[PDB]
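Participant: The following block contains the structure, expressed as structure tokens.
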Amino acid sequence: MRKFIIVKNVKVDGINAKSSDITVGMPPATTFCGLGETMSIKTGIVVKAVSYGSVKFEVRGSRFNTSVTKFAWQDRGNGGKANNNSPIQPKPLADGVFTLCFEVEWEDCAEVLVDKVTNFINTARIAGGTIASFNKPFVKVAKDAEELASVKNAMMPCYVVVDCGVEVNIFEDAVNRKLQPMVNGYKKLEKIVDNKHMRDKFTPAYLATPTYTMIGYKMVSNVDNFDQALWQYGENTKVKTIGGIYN
Amino acid sequence: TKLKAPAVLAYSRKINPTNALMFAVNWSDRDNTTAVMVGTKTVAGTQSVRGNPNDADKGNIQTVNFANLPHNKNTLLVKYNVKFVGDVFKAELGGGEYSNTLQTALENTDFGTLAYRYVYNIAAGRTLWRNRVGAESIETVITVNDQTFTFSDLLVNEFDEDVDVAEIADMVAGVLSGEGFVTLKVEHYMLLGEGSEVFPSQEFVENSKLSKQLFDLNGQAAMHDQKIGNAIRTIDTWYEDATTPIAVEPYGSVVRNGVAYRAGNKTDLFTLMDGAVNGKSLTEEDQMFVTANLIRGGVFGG
Amino acid sequence: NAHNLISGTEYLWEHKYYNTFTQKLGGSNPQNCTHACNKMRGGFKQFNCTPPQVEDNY
DNA sequence: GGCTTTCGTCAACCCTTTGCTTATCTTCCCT
DNA sequence: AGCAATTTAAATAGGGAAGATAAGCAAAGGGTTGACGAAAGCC
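Residue numbers (the UniProt record's numbering), protein chains in the order written: chain A, 1 to 247; chain B, 2 to 303; chain C, 120 to 177.
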């Protein structure tokens, strides 16, 4: 027995489009799983999965180059060079209207759940982008599978993410089978021995290289199983769909 | 030391006619100006294509735009406004120095009989292309700055001497020799006959069900301004072995006859322009042809 | 991953995959960044990860 | 003894020019 | 002060002409976006 809260038409601008070194565009499912665990921390409603779809999404720039951001002189000790233009590190920006659907388990009324999600989203930040606007979130429940599809079709219109898996690698199949690659998680390289320059000193830290899976965009109504669009934190330091690989 | 023509050298049209609207009047009450509508008819016949003696009898249905005089009016009226513009050697896209040396190579061109041939082509009714074939008389009325001129019988092939064409051509050549402009409001009255068929200009349409599609201004039969202007500039009797006046072209070229009368005999416009800018003294007819091209207009470069 | 950047640029230029962005990493003079940025001055190929849009008029 | 400023150091390309998908609809039935 | 009738049939076919052309110029710029290493005054 499943419960969901849907925030439709989440207009967000200033999204850090740099998903990884080789992916620029839509934020991956690690971003929205991070947003889900962020509310698990601030609001206390513990979130299993998030199904996110893109209503609108434009990467700022041309069709072959992204619009770089005019950097500001914010480091310490480079005064005197501040009159000249700051050097640009690559961070593409994008705008996006999203539709989010969080699997939550809740025991109180739907009004306080909607208010808690609204108070989170008013202080949230989708992929480094300020949430410009969002409709009032609404609670829908998936008692059975037809009710699961009711929740699924309540995200209309949006293009959700379905996992199609890795055959050999990322570049090969992106040309061959023409699917989109995105960060489904990370791979740990080395333990980090210096916790002085970090957010926490006690949380263990690892250098990571983003693993990618290959995904497709399908409209949420054309997705047969809603579990193939709900991304959640898998126990391989990755994220994964509940329904597995989309067929 | 040859003065090469710039690639960007272009002259504008300095004889600008309007679209010649075609009305129907009687020969008596020419103020009863009723407009000739283009109708559309579909006509059955046979296909008689040169290389098809098999489709010969099968049949041929064609949708053609037609325009006719109404059966209560025997006179076609053609109304348009020629606009002779001066400043004829300032190329609006050309270089300064090449157009200046072409201007000071062509200051002594006889503009008088150039203007006479233009106004004669207006007055004899060459702007009526097929609308003159079959006509008891052709009356051309030209209003030139509050001065009405009347023209009854002028053979179009040769430029006969008369005082009214010369009178209009006086200020037309005064405009073409210097600054300013002159407007010629032309009204043609062809006594075609009761219910006679008139000939407007035809448009080119590529993927259309109409076999022939005439030019229509809000449904009214009309001639294209380029056809009227071609009939203005049909003054060239100065090419090699000239028998009839042809349109002033940079190559002396006509499309229907499939021959260029000035290509391959070093009498084309570009060779005489390079001669004018390099000290070759031009003849009077040769200067007049080059200046007629300069007021026809065109880009001459490369 | 450096192999991803270099091999992806070489492969997606080789296999004519033009659903991509191109970014010069080091800036004006990328030799202070990285040897691959120093030599491949034309920019690295990354995937254009834009999703399909929803047409508003429907 | 670092420390912060400014000047000197080290380079060198092969590019390509839209789709990705493509929207949540009536049979029985009796009141 | 509303009443205005019903059925029945709507044409078979043959044709939709080819031949010509579809300009040549000349332009299409760069200006900022550099991090380590090394002298070198300065707390």
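We put the beta carbon where it would ideally sit given N, CA and C, even for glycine.
Can you check the segment 39-67 of chain B for any beta strand (DSSP E) of at least 3 residues that lies completely inside it and give the ranges in chain order?
Facilitator: Here the runs fully enclosed are 40-46.
Participant: Determine the burial state of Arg-297 of chain B: buried for a count of at least 16 other Cβ atoms within 10 Å of its Cβ, exposed for fewer.
Facilitator: Flag for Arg-297 of chain B reads buried.
Participant: Report, in whole angstroms, the separation of the C-beta atoms of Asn-65 of chain A and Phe-140 of chain C, which I expect to be a contact under 8 Å.
Facilitator: Going by Cβ atoms, the distance from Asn-65 of chain A to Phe-140 of chain C rounds to 6 Å, so yes, they are a contact pair.
Participant: Span of the beta strand (DSSP E) holding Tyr-186 of chain A?
Facilitator: It spans 180-191 - the beta strand (DSSP E) in which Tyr-186 of chain A sits, taken as one unbroken run.
Participant: Listed from N- to C-terminal order along the chain, which residues in the segment 185-218 of chain A have their beta-carbon within a distance smaller than 7 Å of any beta-carbon of chain C?
Facilitator: Answer set for the segment 185-218 of chain A: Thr-209, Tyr-217.
Participant: For a quick check, are the C-beta atoms of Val-89 of chain B and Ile-169 of chain B less than 8 Å apart?
Facilitator: It is not a contact, given that the beta carbons lie outside the stated cut-off.
Participant: Would the segment 77-85 of chain A count as touching the segment 10-27 of chain A if we require 3 or more Cβ pairs under 8 Å?
Facilitator: The segment 77-85 of chain A vs the segment 10-27 of chain A: no contact.
Participant: Quick one: which chain A residues come within Cβ less than 7 Å of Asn-120 of chain C?
Facilitator: Those within 7 Å of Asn-120 of chain C in chain A are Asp-21, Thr-209.
Participant: If you measure from the beta carbon of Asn-65 of chain A to each beta carbon in chain C, is any gap under 8 Å?
Facilitator: Yes, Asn-65 of chain A lies at the interface with chain C (some Cβ there is under 8 Å from its Cβ).
Participant: For a cutoff of 8 Å on Cβ pairs, would you count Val-12 of chain A as touching chain C?
Facilitator: Closer than 8 Å: no.
Participant: Under 7 Å, CB to CB, which of the residues in the segment 144-163 of chain C have a partner in chain A?
Facilitator: Of all residues in the segment 144-163 of chain C, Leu-144, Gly-146 have a Cβ within less than 7 Å of some Cβ in chain A.
Participant: With 8 Å set as the bound, which would you pick, yes or no: does the beta-carbon of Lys-56 of chain A sit closer than that to a beta-carbon of chain C?
Facilitator: Closer than 8 Å to some Cβ of chain C, the Cβ of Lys-56 of chain A qualifies, so yes.
Participant: Check whether chain C comes within 8 Å of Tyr-159 of chain A, counting only Cβ atoms and requiring the distance to be less than that.
Facilitator: So, interface residue.
Participant: Identify the residues that DSSP records as bridge partners of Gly-216 of chain A: which are they?
Facilitator: According to DSSP, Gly-216 of chain A bridges with A:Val-162.
Participant: Spell out whether any CB of chain A is found under 8 Å from the CB atom of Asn-123 of chain C.
Facilitator: So, interface residue.
Participant: Please list the partners that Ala-142 of chain A has in chain C, where partner means a Cβ-to-Cβ separation under 8 Å.
Facilitator: Those do not exist, as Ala-142 of chain A stays about 23 Å from chain C at its closest Cβ, beyond 8 Å.
Participant: Could you pull the start and end residues of the alpha helix (DSSP H) that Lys-42 of chain A belongs to?
Facilitator: Per DSSP, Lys-42 of chain A belongs to the alpha helix (DSSP H) from 29-42.
Participant: Three Cβ pairs or more, each shorter than 8 Å: is that satisfied between the segment 123-135 of chain A and the segment 43-51 of chain A?
Facilitator: Because the criterion of three Cβ pairs below 8 Å is not met, the segment 123-135 of chain A and the segment 43-51 of chain A do not touch.
Participant: Give a yes or no on whether 8 Å exceeds the smallest Cβ distance from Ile-6 of chain A to chain C.
Facilitator: Answer no: the Cβ-Cβ gap between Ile-6 of chain A and chain C never drops below 8 Å.
Participant: When you compare only the Cα positions, how much space is there between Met-182 of chain A and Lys-143 of chain A?
Facilitator: Between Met-182 of chain A and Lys-143 of chain A, the C-alpha separation is close to 31 Å.
Participant: Can you pull the chain C residues whose beta carbon is under 9 Å from the beta carbon of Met-182 of chain A, in chain order?
Facilitator: Here the neighbours are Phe-166, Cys-168.
Participant: If contacts are defined as beta-carbon pairs under 8 Å, then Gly-87 of chain B and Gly-181 of chain B qualify, I think. What distance do you get, rounded to the angstrom?
Facilitator: Sure, about 5 Å apart at Cβ, within 8 Å.
Participant: Taking the Cβ atom as the reference point for each residue, do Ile-16 of chain B and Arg-263 of chain B lie within a distance shorter than 8 Å?
Facilitator: No, they are not a contact pair.
Participant: Under 8 Å, Cβ to Cβ, is there at least one residue of chain C near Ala-154 of chain A?
Facilitator: Closer than 8 Å: no.
Participant: Return the CA-CA distance between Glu-133 of chain C and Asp-21 of chain A, expressed in angstroms with no decimal places.
Facilitator: Cα to Cα, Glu-133 of chain C sits roughly 19 Å from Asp-21 of chain A.
Participant: Strictly under 8 Å for the Cβ-Cβ distance: is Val-162 of chain A near chain C by that measure?
Facilitator: Not closer than 8 Å to any Cβ of chain C, the Cβ of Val-162 of chain A fails to qualify, so no.
Participant: Tell me the DSSP secondary structure of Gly-61 of chain A in three-state form.
Facilitator: Strand, per DSSP.
Participant: Quick one, which of A:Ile-5, A:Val-223, A:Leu-179, A:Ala-132 has its alpha-carbon nearest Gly-36 of chain A's?
Facilitator: Selected option, being the one with the closest Cα: A:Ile-5.
Participant: Taking 8 Å as the cut-off, does the segment 141-160 of chain B touch the segment 200-212 of chain B (at least 3 CB pairs, one atom from each stretch)?
Facilitator: Judged by Cβ distances under 8 Å, the segment 200-212 of chain B makes no contact with the segment 141-160 of chain B, as fewer than three pairs qualify.
Participant: Strictly under 8 Å for the Cβ-Cβ distance: is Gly-25 of chain A near chain C by that measure?
Facilitator: Closer than 8 Å to some Cβ of chain C, the Cβ of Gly-25 of chain A qualifies, so yes.
Participant: Sorted by chain position, which residues of the same chain lie with C-beta nearer than 6 Å to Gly-46 of chain B's C-beta, five sequence neighbours on each side aside?
Facilitator: For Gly-46 of chain B, where only same-chain residues beyond five positions count, the Cβ hits under 6 Å are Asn-61.
Participant: Pick helix, strand or coil for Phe-85 of chain B, following the three-state DSSP scheme.
Facilitator: Reduced to three states, the DSSP call for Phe-85 of chain B is strand.
Participant: Can you tell me the Cα-Cα spacing of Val-26 of chain B and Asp-217 of chain B, whole angstroms?
Facilitator: So the two alpha carbons sit approximately 18 Å from each other.
Participant: May I ask you to list the residues that DSSP assigns as paired with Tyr-190 of chain B?
Facilitator: The partner list for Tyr-190 of chain B (beta bridge, DSSP) reads B:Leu-78, B:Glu-140.
Participant: In whole angstroms, what is the alpha-carbon distance linking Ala-174 of chain A and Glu-58 of chain A?
Facilitator: Rounded to the nearest angstrom, the two C-alpha atoms are 21 Å apart.
Participant: Taking DSSP's pairing of strands, which residues face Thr-139 of chain C in a bridge?
Facilitator: DSSP lists C:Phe-166 as partners of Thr-139 of chain C.
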